[PDB]
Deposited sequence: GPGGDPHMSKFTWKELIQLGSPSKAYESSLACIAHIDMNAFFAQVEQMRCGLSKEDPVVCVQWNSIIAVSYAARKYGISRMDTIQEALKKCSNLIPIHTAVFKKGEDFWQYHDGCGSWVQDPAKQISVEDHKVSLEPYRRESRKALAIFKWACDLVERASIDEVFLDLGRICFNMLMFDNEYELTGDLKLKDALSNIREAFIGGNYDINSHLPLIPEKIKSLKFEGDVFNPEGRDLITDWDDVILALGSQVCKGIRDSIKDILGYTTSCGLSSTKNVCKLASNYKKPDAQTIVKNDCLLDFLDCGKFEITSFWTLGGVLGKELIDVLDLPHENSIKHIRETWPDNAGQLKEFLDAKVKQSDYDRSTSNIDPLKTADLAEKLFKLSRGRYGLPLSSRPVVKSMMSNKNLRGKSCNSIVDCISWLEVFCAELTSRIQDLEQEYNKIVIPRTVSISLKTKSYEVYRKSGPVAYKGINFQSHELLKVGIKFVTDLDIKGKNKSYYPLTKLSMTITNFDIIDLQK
């Protein structure tokens, strides 16, 4: 019989539990060369124009046209110009200190007179990118009932309902000119409509006729395994068809190309979306999970949450090798996560451990073992969270020279931050029909000696027309407080100043 149960299939129809099914169909979609594509589209340029988006002197995004020249993100604009004479460098929008609005200064930059965009007198605006991100999000949410915005240019989609409904109910989809999906799937549809199945019983064996169903995109398959051999493959393939449709809506409506990863889990999807770019969809079958994870590109540190100090501690505590760490984890504790838990409990129970400088929770070693056991097999299923309209907003200026050399300069930059945040808040209120209320503000700064000073606390609310004022009041309070705390110590000129609204109330309207 199938490896899968009626329970696992039917749970694809539940947004709260679909992710947990071995039959899950998740997509990760990442915008290609995002900031460069935004600038390309704003300036009416083409896929063939070698655009790079520039922030001060750094390339922050490189179009795929420009990458054909050898240009890489974080190249300096100087280096980029050597590699491509026809380069189209476009600087981010900016705010000018003393003004309360952002705009593009096209024709201006550190390349190029009276046309330089100085780091002393401006701050970056990323708002054109954020706007375009929210447009994309609207398109994704219209196509799919569960979408997680993972970062400015990434989303995850849970395709469970679309796949389930297509599998059971779609009477138009054609596999071939002589074969409809409804007829290929007559046995399973009969059983489902007949309703006479046990939720804990295994599914029938896939019908031979469903093997005509095609995947849309690149199926990762170096070992040449059979494409459709169980119901997970049927769902994944249907999912790839729908995902292509969604990605085409993004391309047709907004102009943006995407790369996409399709698999049963978020973690594998995120790896897969980065496998092939631009404008591509990489599909990882369950039976190809180990082939993919072990291709040589990935280590335990490639997994989300494991890319920093915890990951490095795990390499040391689990005596992981420098390469093929994923396979190592899998083969060293091959049967169950408890084997790994036992190993962890031993290392951590030792009196010479150091529990105050470790990122492993000794009380939660069952969860860590299960996470590593499953990640190493490509079967660690995390839920998608639908995020609120906004959670936090930051306005940040890293400062050069003496552009912030006294409390007067601090406040001058705070006025830019306050104007920016207020305009961002108004835009969200109009776009999403909400009242958006800052509740808590944090000021963070760095001295000339790079020492960090922070202060957070409540901000009062008196409506949108007084919002900038209410933010500034608290900011001025906090910067003057911190000035006192820095007396007789290395302080001015500052090397960084930022204001973040760290907590919002969101009121629904209509």
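> What are the C-alpha gaps when you align the coordinates back onto the deposited sequence?
Residues lacking C-alpha coordinates: 1 to 7, 120 to 121, 520.
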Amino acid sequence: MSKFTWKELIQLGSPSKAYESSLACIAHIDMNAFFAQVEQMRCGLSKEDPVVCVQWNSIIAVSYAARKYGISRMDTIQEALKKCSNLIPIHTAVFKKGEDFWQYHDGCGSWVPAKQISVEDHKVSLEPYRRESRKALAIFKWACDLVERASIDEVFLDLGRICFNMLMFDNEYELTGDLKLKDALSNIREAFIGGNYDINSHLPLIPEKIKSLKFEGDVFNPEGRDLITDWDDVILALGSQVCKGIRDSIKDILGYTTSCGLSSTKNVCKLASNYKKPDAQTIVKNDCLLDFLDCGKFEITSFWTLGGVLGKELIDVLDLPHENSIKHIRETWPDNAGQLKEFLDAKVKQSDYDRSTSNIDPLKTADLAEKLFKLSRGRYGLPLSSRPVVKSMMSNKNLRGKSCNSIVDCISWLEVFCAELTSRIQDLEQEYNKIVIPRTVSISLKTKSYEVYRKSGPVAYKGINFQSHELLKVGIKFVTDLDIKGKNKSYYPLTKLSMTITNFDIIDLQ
From here on, numbers count along this sequence of modelled residues.
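> Checking the other PDB entries that cover both flanking residues: does residue 225 lack coordinates in at least a third?
In none of the comparable entries (those modelling both sides of it) is residue 225 left without coordinates.
> Given the other compared entries that model the residues flanking it, would you say residue 149 is unmodelled in at least one third?
Across the compared entries, residue 149 is modelled every time.
> Per the record, averaged over C-alpha atoms, which has the higher B-factor: 483 to 491 or 5 to 13?
483 to 491 has the higher mean C-alpha B-factor.
> Regarding 115 to 123 and 418 to 426, which shows the higher C-alpha temperature factor on average in the entry?
Higher mean C-alpha B-factor: 115 to 123.
> For the listed residues 251, 209, 130, 349, which one has the largest C-alpha B-factor as given in the deposited model?
So the option with the highest C-alpha B-factor is 349.
> So among 161, 379, 270, 400, who wins on Cα B-factor in the entry?
Among 161, 379, 270, 400, the PDB entry lists the largest C-alpha B-factor for 400.
> Going by what the PDB entry lists, where does residue 56 fall on CA B-factor within its chain: lowest, middle or highest third?
Tercile = middle for this residue's CA B-factor.
> Per the entry's values, where does residue 451 land by CA temperature factor relative to the rest of its chain, in the lowest, middle or highest third?
It belongs to the highest third of the chain when residues are ordered by C-alpha B-factor.
> Just say lowest, middle or highest third for the CA B-factor of residue 29 relative to the other modelled residues in its chain.
As the PDB entry reports it, the C-alpha B-factor of residue 29 lands in the lowest third of its chain.
> Check where residue 224 lands among this chain's C-alpha B-factors and tell me if it's the lowest, middle or highest third.
It falls in the middle third of the chain.
> Can you tell me whether residue 371 has a C-alpha B-factor in the lowest, middle or highest third compared with the other modelled residues of the same chain?
Bottom third by C-alpha B-factor.
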